[PDB]
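Student:
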Amino acid sequence: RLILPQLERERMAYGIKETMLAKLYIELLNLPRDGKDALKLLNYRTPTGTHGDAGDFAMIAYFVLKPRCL
DNA sequence: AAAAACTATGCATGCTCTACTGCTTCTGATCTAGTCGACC
């Protein structure tokens with residue numbers, strides 16, 4: 069199921085997507101609301117930040133979380 | 001006849017209830033914008 073989440077049927081809809089997941093990450097990590105990391109996570113599509121990948125939300129989240137996790 | 005002791009009282013303090021009015025803050029209801037899931 070983890071390898072192919074799209075085929076999951078037993079589990080109900082998560083209800084969280086890129087925007088909601090970014091908001092939850094900002095709230096939990098206690099990052100500043102108007103800080104660079106929060107804007108990058110929320111505006112992951114915008115390439116103005118020129119921080120590695122500009123379209124992949126997962127890559128931006130990994131870059132933001134590299135110094136925050138074990 | 002003269003001095004001392006007890007009682008009336010009375011005005012002022014601080015406390016207490018009781019209420020009234022104002023400001024600050026918390027809760028709840030409502031409106032509006034954004035988001036997710038399903039399909040096609």
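Residue numbers for the first sequence follow PDB author numbering, so the first one is 69 and each next one is one higher.
By construction, the Cβ of each residue, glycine as well, lies at the ideal position given by its N, Cα and C atoms.
Need the endpoints of the alpha helix (DSSP H) that residue 87 sits in, please.
Tutor: 86 to 97
Student: In the DSSP assignment, find the alpha helix (DSSP H) that holds residue 127 and state where it starts and stops.
Tutor: 125 to 133
Student: Go ahead and pull the three-state DSSP assignment for residue 106.
Tutor: helix
Student: Is it buried or exposed, residue 112, if we count other Cβ atoms within 10 angstroms and call 16 or more buried?
Tutor: buried
Student: By DSSP, does residue 75 sit in helix, in strand, or in coil?
Tutor: helix
Student: Quick one: measure Cβ to Cβ for residue 129 and residue 99, integer angstroms, because I've assumed they're closer than 8 Å.
Tutor: That pair is no contact at about 12 Å.
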